[PDB]
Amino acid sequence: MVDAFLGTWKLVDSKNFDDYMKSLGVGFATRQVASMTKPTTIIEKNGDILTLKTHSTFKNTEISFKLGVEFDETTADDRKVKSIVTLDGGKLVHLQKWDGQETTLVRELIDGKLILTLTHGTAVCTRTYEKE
């Protein structure tokens, strides 16, 4: 169920996040800081409204959305995008669109870990979170 995503998660592993951030035009100083951060992700629901918070020493974010209903988003890196989050093959798929560009933030559960795959063009980052 979507319910298995709910709770508090902490970053334990990251692969190619710098490449993903470069692909979005994030500056080197921000990449440095964001590269050494181990955020906490909190996923909550109220009926069919899901809230996803990420907290770190660098930045806090929060979005709320209904699955399958588009929303306007200002991203952590300050892009203004058109977004939708759906459930697809048991994965939470967040698609962001802006200026004819796209990025996906895909979350899936494997062996009790939450795996976040970030794709922007060629750049693919994988980040693993464990349950708190």
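Residue numbers run from 1 along the displayed sequence.
Do the CA atoms of 76-84 or those of 89-97 have the higher mean B-factor in the entry?
Result of the comparison: 76-84.
Should the higher mean CA B-factor in the entry be assigned to 102-110 or to 56-64?
According to the entry, 56-64 carries the higher average C-alpha B-factor.
Taking the entry's C-alpha B-factors for this chain, is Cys125 in the lowest, middle or highest third?
Lowest third, going by the recorded CA B-factors of the chain.
Sorting the chain's CA B-factors, does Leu50 end up in the lowest, middle or highest third?
For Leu50, the deposited C-alpha B-factor lands in the middle third.
Give the position of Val33 by CA B-factor within its chain, expressed as the lowest, middle or highest third.
CA B-factor rank for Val33: highest third.
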